[PDB]
Amino acid sequence: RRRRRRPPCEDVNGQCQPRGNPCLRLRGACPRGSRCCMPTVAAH
Numbered sequence: 001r002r003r004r005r006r007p008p009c010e011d012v013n014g015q016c017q018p019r020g021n022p023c024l025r026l027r028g029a030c031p032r033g034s035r036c037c038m039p040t041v042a043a044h
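Sequence positions in the sequence shown follow the authors' numbering and run 1 to 44.
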């Protein structure tokens, strides 16, 4: 159900990509094919 109400990827406003990247990991709130990753902001 979490997707339109107020998901995590939305609150923190993250990106959607696979595990084949340096981007951090958050949750699967992202659409199929990609995952909610954490960008390099504020030294993360």
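Think of the CB as a built atom: it goes at the ideal place given N, C-alpha and C, for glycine as much as any other residue.
Nearest C-alpha to residue 30 among 44, 12, 17, 1: 17.
DSSP lists 36 as the bridge partner or partners of residue 27. The Cβ atoms of residue 37 and residue 13 do not sit closer than 8 Å to each other. When the beta-carbon positions are compared, residue 27 and residue 8 come within less than 8 Å of each other.
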